[PDB]
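*Asks:* Handing you this structure, nothing more for now.
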Amino acid sequence: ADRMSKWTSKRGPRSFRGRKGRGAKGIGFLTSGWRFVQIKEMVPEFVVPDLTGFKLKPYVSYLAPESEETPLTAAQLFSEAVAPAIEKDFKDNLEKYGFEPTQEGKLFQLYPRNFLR
Amino acid sequence: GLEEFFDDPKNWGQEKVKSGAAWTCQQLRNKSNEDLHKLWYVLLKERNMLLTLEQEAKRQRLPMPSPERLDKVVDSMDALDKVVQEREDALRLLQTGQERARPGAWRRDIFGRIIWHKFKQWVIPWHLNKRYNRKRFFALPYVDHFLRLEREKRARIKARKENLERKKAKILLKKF
Amino acid sequence: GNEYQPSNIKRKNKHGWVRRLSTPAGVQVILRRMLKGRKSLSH
Amino acid sequence: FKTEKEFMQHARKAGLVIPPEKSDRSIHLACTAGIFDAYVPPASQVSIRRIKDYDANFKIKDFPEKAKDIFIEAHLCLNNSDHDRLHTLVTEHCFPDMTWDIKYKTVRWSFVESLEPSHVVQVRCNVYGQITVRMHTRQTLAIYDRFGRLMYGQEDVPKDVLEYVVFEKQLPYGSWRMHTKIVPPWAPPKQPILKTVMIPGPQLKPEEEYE
Amino acid sequence: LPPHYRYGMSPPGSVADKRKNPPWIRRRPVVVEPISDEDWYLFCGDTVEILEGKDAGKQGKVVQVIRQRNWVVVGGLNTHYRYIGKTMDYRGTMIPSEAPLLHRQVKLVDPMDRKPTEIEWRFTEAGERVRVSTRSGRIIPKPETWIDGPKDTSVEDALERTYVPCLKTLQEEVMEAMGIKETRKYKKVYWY
Amino acid sequence: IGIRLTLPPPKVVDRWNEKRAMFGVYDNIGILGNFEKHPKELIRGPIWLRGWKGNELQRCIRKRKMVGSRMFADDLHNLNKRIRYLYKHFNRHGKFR
Amino acid sequence: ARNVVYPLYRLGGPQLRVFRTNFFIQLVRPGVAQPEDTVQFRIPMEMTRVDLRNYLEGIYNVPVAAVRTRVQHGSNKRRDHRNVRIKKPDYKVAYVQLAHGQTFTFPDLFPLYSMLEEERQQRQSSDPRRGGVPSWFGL
RNA sequence: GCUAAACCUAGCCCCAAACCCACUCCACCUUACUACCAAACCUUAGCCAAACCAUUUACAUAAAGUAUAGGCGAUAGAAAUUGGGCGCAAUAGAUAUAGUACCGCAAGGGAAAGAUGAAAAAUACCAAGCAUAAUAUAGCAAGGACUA
RNA sequence: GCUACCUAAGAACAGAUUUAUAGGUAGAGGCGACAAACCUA
RNA sequence: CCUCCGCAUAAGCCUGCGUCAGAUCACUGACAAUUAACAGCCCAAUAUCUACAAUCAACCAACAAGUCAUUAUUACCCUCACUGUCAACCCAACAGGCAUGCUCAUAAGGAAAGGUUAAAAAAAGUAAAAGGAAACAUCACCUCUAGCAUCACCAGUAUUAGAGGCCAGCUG
Ligand SMILES: [Mg+2]
Ligand SMILES: [Mg+2]
Ligand SMILES: [Mg+2]
Ligand SMILES: [Mg+2]
Ligand SMILES: [Mg+2]
Ligand SMILES: [Mg+2]
Ligand SMILES: [Mg+2]
Ligand SMILES: [Mg+2]
Ligand SMILES: [Mg+2]
Ligand SMILES: [Mg+2]
Ligand SMILES: [Mg+2]
């Protein structure tokens, strides 16, 4: 008879409690005989680097200076990333310089995303 | 191993731990993407350390040794994640020109109001998606009266706030 | 007074958001709850 | 409770986690927890230099005269209960120890002429000057009650008082104020009291005995 | 913190505050006058002079600035006396606690004249804005080590510009650097 | 005991305020400024009662026809019900007829 | 990661890979008696059993062998001053059995007052023989 | 002398002016708050007035309550043309401290209440009701009185 | 979500039975082994 | 001394006699718990198959006629996730109700009496001399209507369908 309480998975009859879950993601699918097939590719692999010899600790010493916030606009990233190659190849087909018109052939597409985070 | 959930065993019970500053954003904009990946896992393991130390602090009914470095680690994870999103966004503006990573459209539900609808991934196209076509992104004409009623409720709240600000200003000029 | 004999299937099927939005009159029920200001528009 | 350990153990057993929070303002004390060097009564020009380098207009040959007027005037502030002058005349280690038990009763202290000249005894030393003075006076007391009936001392009759009064100065706007009053262990007992006292023995629960 | 929360001498989240301002009180809010952020000119550590009440004329030092009530705690001045450490049967100790001061009641002090001077925010060639007194053109300045632990970056490693700005993703660059090679091509889904 | 124990804070009234010292100016702008404005064009207020006096039913009728198209929805509804009530009251109820 | 849209997998597609992990983790002490090789965590709600296995394997190099999770309902039975229910948040609990015969025991974490304490030693409570008379005076 | 009393200021109301809102991330029409598979419009009616009821019955200024209509009765009714506060101040003012608590299966109904001070890093006297202080022949409880 | 009838697929101890679950019928209506009964006191 | 109760699942409820602490016939705050094998959560198409109840299923015995099934070709190779899991509990009342499986007096669950006295009246129980009462529905029947098919009647067809009527004995 509650309305204020959140409708969680703990709350219905058996048929209700089995369907609704928490925010977990589906990993595979059910098959006949209710047999869950887990798909290896849907499980996220945590790509975790090697931390050996790595010189960045979680905190910064207080002796480091203060700097000014300059967010990375696309004009800046165009300037440093693209602008020397265009100044060099103009003093002497835009896809040469790191541009792609489409990205349907691309693995990590930027719009809409296919990578995670 | 599991001893990476706990800090240096010399610090246990010392009730004060000298920790450095947090990472600000401009210190992190000088780091490469591989280095921000690795720093994400440094701060990640440190954050799990501090969260075990909080939950054991509440368990033993004791106060934290230094609760500030949890704020610093959340501060640095926030700054680092914001830097990585800045580089994804600027590259998205160059390569495609979009502003949202996820597509959507301004739609207008049963309730008349205009909503940014975030698109979901599907396999089948929308016209034979049986559940998508039960959603109504149109408002019928019995809703426009309630749109007018809602409009006027917001205009009442705004008028009350603005008038009340002027009354406070008059009290300030009578007092000073 | 034991007129209320509870179940969640009858509660969601009777008064839930899906049955409220299934008709135009129920959509007007939701809109009046949204305009009175209420915290629960439905079950 | 009775201490801080009892409250923190009760706050640990209860679950009251009180976080020690960092505040930039602290307590700006103007006193000392007691005496720097306990003058035990029957070469300290070091501390006289360490006073004159801050104050620079300070004659000890005039000070037990001043220490008389800091003493006597402070005691007359008990005759009226004028606490706002006492905070100029007396330190805050000394203010409760002279005004707390005297509350809700009238005192009628008075001074009459000293037997001896008052003379300074020793001087010691963010910086706290501390000067102990010997005074050998004749004073009169009458401590009354809430009901105005005498509970200590005949009002007319002067009594001879030894007073090893310790003064203290902050070393910007402060001055010399009475900090404490040493009473030596050889000193005779004070005036007896007009009333009688019962002093209880051990309250015995039934399981124990008196032995 | 609720609306019309009353500020006080205690910090806004301490234990004494939660004794004084529990979440269900509603009190008459203090009509403080609006001092803009550009126009607040008393800082923690300024030697000031008290104009009204007890300790008038005395020159102290600002310890805490409670800016929401236009307050100045001159440390060591404007004192009353409170006990602390009062147990069940010990009367505590007498301590000179400090009552705050409104910014109207306090003026600043020239460091060469030691006088109560009006302060205007003039501008300078060297610094865009700094305080300047009125009875003289004198700049009264704004007043007031570390060993690293095992988990601090030194200033050297914290400031190495290791970032070569390129047109690759963090994802693509980590896939190249970690040596992960992905042969399966991604298959186009519908978004709606 | 609904009576106050301490007498209230004093009512400081400035009779030589800007508004009080200049009250009433330009009430005779018609009769000694060559009739170029009427004094009813000096009053500020609701647009349906600048220079008009009526009883309540007439203020409601005039409010409805002069501003009623841009009134809020339930204010317009309350006002139509007030005209409907005040109609049924002035016209059918009373002592003198 | 959590609060992230996952990309849809179609059959034959690439491996789903997470490069910066959004969800944290905290290992708590067991509130009951548990076996020697079981380590109890507080997983956040969206973290599955498989994500936790690969999470501890990748990041912490812990040889995880079994994982069993229970979702804990926090109480919605405590109210404000406003008679409005506060909910203590629900949380998922991971019970991890470590491999290779290893064994985890939760470590023993957590093994101006001069002025106050130096007047608490000079208290000098009143003599009962003094009968209430203030002993400040030299008479 | 307990219970209590008091208290100004949250906010609100009426104008004027001005045309408002609405994508951190995620989820939200399936059992809303759930990552993912094969169709909209169609006279308002009645209450009430006519002392019943049955046709009928209102939804800038000026012409003008004029022409008209009308069981020619109740009543309805043109047009040409003309041109900030002598507000409220906590039973008030908003229902609002909140569309919450609570009540209802649901639509829906819908509360109550706060007051220190500059600093809390300073802990009086007055409603009814009683109590101090039970009662003494006899009676709308008073009045004339009276040394009482 | 009571109650009246019905439906689906059940159960129990002998039926014109009792019953759990989910669905249907709605007020100018419904429903009725018709009491002008009942239809969330 | 009671036990016509219990224990589990279902539905419901949603942390509601766990530990620590505290205030209050004599709840608040902190912390901790319920771990999946049981139970939910299923199924690749396109065609095509599915006359012979259950009842110990055997005879018998029936009518009201019944609760259970594949094959052909094509596609198909990964695998154990997610959710429920606590309690002294729900709907009411300020008496009652509640589905199912086991146990059929219990191995499980509990306590009718705050203390006293033993007045009246009232309630309940036991004993008592002698006497021994001092209308609708519906089988069946009749009447009327209806010659017919894809949403009731009805996947029915006038043997149908619908509407009507009918003494002795004991006992406060
Ligand atoms: Mg489970
Ligand atoms: Mg009539
Ligand atoms: Mg006209
Ligand atoms: Mg009100
Ligand atoms: Mg109200
Ligand atoms: Mg009274
Ligand atoms: Mg199973
Ligand atoms: Mg169980
Ligand atoms: Mg038992
Ligand atoms: Mg009894
Ligand atoms: Mg008998």
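In the structure tokens, chains take letters A, B, ... by order of appearance, with residues numbered from 1 within each chain and ligands from 1 in the order shown.
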Can you pull out the residues contacting residue 22 of chain H? Cut-off 9 Å, using only C-alpha atoms (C1' of nucleotides), and skip same-chain residues under 6 positions away; I want them as a list in words.

*Replies:*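 Residues near the query, excluding close chain neighbours: residues 113, 114, 115 and 116 of chain B.
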
*Asks:* Which protein, DNA or RNA residues have an atom within 12 Å of ligand 7, counting only C-alpha atoms (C1' of nucleotides) and all ligand atoms, as number ranges by chain?

*Replies:* A: 33-36; J: 36-41, 80

*Asks:* With only C-alpha atoms considered, list every residue of chain G at most 6 Å from chain A, as a list in words.

*Replies:* residues 7, 15, 16, 17, 18, 19 and 46 of chain G

*Asks:* Give me a file of those residues, with N, CA and C atoms, as a PDB file, in the first residue's frame.

*Replies:*
ATOM      1  N   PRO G   7      27.795  -0.165 -24.809  1.00  0.00           N
ATOM      2  CA  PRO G   7      27.532  -0.420 -26.217  1.00  0.00           C
ATOM      3  C   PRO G   7      26.944  -1.793 -26.433  1.00  0.00           C
ATOM      4  N   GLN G  15      35.452  -7.240 -28.333  1.00  0.00           N
ATOM      5  CA  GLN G  15      35.353  -7.402 -26.893  1.00  0.00           C
ATOM      6  C   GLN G  15      34.989  -6.081 -26.247  1.00  0.00           C
ATOM      7  N   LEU G  16      34.030  -6.109 -25.334  1.00  0.00           N
ATOM      8  CA  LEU G  16      33.689  -4.926 -24.563  1.00  0.00           C
ATOM      9  C   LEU G  16      34.769  -4.709 -23.521  1.00  0.00           C
ATOM     10  N   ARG G  17      35.369  -3.526 -23.531  1.00  0.00           N
ATOM     11  CA  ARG G  17      36.535  -3.219 -22.725  1.00  0.00           C
ATOM     12  C   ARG G  17      36.281  -1.940 -21.960  1.00  0.00           C
ATOM     13  N   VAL G  18      36.614  -1.940 -20.678  1.00  0.00           N
ATOM     14  CA  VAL G  18      36.484  -0.767 -19.828  1.00  0.00           C
ATOM     15  C   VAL G  18      37.871  -0.286 -19.479  1.00  0.00           C
ATOM     16  N   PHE G  19      38.157   0.978 -19.747  1.00  0.00           N
ATOM     17  CA  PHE G  19      39.524   1.413 -19.524  1.00  0.00           C
ATOM     18  C   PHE G  19      39.697   2.177 -18.230  1.00  0.00           C
ATOM     19  N   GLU G  46      25.585  -2.095  -9.092  1.00  0.00           N
ATOM     20  CA  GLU G  46      25.606  -2.521 -10.474  1.00  0.00           C
ATOM     21  C   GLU G  46      26.726  -3.482 -10.789  1.00  0.00           C
TER      22      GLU G  46
END

*Asks:* Could you list, as a PyMOL selection string, all protein and nucleic acid residues with an atom at most 10 Å from ligand 10, counting only C-alpha atoms (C1' of nucleotides) and all ligand atoms?

*Replies:* chain J and resi 113-116

*Asks:* Leaving out segment 167-170 of chain B and any residue of its chain fewer than 5 positions from it, which residues lie within 12 Å of it when counting only C-alpha atoms (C1' of nucleotides), given as a PyMOL selection string?

*Replies:* (chain B and resi 160-162+175-176) or (chain E and resi 29-34) or (chain H and resi 9-12+84-85)

*Asks:* Write the selection just made, keeping C-alpha atoms (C1' of nucleotides), as a PDB file, in the first residue's frame?

*Replies:*
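Saved the output as selection_36.pdb:
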ATOM      1  CA  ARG B 160       6.552  35.721  -5.563  1.00  0.00           C
ATOM      2  CA  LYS B 161      10.326  35.323  -5.524  1.00  0.00           C
ATOM      3  CA  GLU B 162      11.042  38.591  -7.337  1.00  0.00           C
ATOM      4  CA  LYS B 175      17.809  49.270   8.489  1.00  0.00           C
ATOM      5  CA  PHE B 176      20.833  50.856   6.792  1.00  0.00           C
TER       6      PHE B 176
ATOM      7  CA  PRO E  29      17.251  35.963  10.396  1.00  0.00           C
ATOM      8  CA  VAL E  30      19.865  38.558  11.096  1.00  0.00           C
ATOM      9  CA  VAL E  31      19.579  41.564   8.817  1.00  0.00           C
ATOM     10  CA  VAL E  32      23.195  41.890   7.760  1.00  0.00           C
ATOM     11  CA  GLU E  33      24.039  44.617   5.369  1.00  0.00           C
ATOM     12  CA  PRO E  34      25.283  43.594   1.922  1.00  0.00           C
TER      13      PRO E  34
ATOM     14  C1'   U H   9       9.576  37.904  10.776  1.00  0.00           C
ATOM     15  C1'   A H  10       9.364  33.582   7.979  1.00  0.00           C
ATOM     16  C1'   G H  11       6.757  34.194   4.232  1.00  0.00           C
ATOM     17  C1'   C H  12       2.316  35.608   1.657  1.00  0.00           C
ATOM     18  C1'   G H  84       4.536  50.355  -5.335  1.00  0.00           C
ATOM     19  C1'   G H  85       0.520  49.404  -0.832  1.00  0.00           C
TER      20        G H  85
END

*Asks:* What do you get as a PyMOL selection string if you pick all residues at most 10 Å from ligand 6, counting only C-alpha atoms (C1' of nucleotides) and all ligand atoms?

*Replies:* chain H and resi 3-4+126-130

*Asks:* Could you dump the residues just selected with C-alpha atoms (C1' of nucleotides) as a PDB file, in the first residue's frame?

*Replies:*
ATOM      1  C1'   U H   3       0.397  25.393  33.572  1.00  0.00           C
ATOM      2  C1'   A H   4       1.137  28.788  30.691  1.00  0.00           C
ATOM      3  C1'   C H 126      -1.846  38.708  33.567  1.00  0.00           C
ATOM      4  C1'   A H 127      -6.870  33.793  30.662  1.00  0.00           C
ATOM      5  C1'   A H 128      -9.427  29.455  32.115  1.00  0.00           C
ATOM      6  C1'   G H 129      -7.189  25.122  35.217  1.00  0.00           C
ATOM      7  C1'   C H 130      -5.291  23.965  39.675  1.00  0.00           C
TER       8        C H 130
END

*Asks:* Taking 6 positions as the minimum chain separation for residues in the same chain, which residues sit within 7 Å of residue 39 of chain G when counting only C-alpha atoms (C1' of nucleotides)? Answer as a compact mmCIF listing (two decimals) with C-alpha atoms, in the first residue's frame.

*Replies:*
# COMPACT_ATOMS: atom_id res chain seq x y z
CA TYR G 95 31.62 -12.84 -0.36
CA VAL G 96 34.86 -13.89 -2.01
CA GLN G 97 36.57 -17.24 -1.61
CA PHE G 104 42.84 -13.65 4.74

*Asks:* Around ligand 9, out to 10 Å and counting only C-alpha atoms (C1' of nucleotides) and all ligand atoms, which residues are there? I want them as a ChimeraX atom specification.

*Replies:* /J:3,6,106-110

*Asks:* Collect all residues with atoms no farther than 12 Å from ligand 11, counting only C-alpha atoms (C1' of nucleotides) and all ligand atoms, and output them as a ChimeraX atom specification.

*Replies:* /J:127-132,170-172

*Asks:* Hey, which residues sit close to ligand 5? Say within 8 Å, counting only C-alpha atoms (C1' of nucleotides) and all ligand atoms, and write them as a ChimeraX atom specification.

*Replies:* /H:95-96,111-112

*Asks:* For ligand 4, collect every residue having any atom at a distance of at most 8 Å from a ligand atom (counting only C-alpha atoms (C1' of nucleotides) and all ligand atoms); output as a list in words.

*Replies:*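 Sorted by chain and then by number, the residues are residues 90, 91, 92 and 93 of chain H.
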
*Asks:* Return as a list in words the residues of protein, DNA or RNA that approach ligand 8 to within 9 Å, with only C-alpha atoms (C1' of nucleotides) and all ligand atoms taken into account.

*Replies:*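 Residues satisfying the distance criterion: residues 8, 9, 34, 85 and 86 of chain J.
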
*Asks:* Go ahead and save the picked residues with C-alpha atoms (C1' of nucleotides), as a PDB file, in the first residue's frame.

*Replies:*
ATOM      1  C1'   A J   8       7.428 -24.386   6.069  1.00  0.00           C
ATOM      2  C1'   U J   9       5.888 -22.452   1.304  1.00  0.00           C
ATOM      3  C1'   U J  34      19.524 -12.614   4.352  1.00  0.00           C
ATOM      4  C1'   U J  85      16.258 -15.309   0.718  1.00  0.00           C
ATOM      5  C1'   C J  86      15.793 -11.390   7.758  1.00  0.00           C
TER       6        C J  86
END

*Asks:* Pick out the residues no farther than 8 Å from ligand 1, counting only C-alpha atoms (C1' of nucleotides) and all ligand atoms, and list them as a PyMOL selection string.

*Replies:* (chain G and resi 68-71) or (chain J and resi 35-36+83-85)
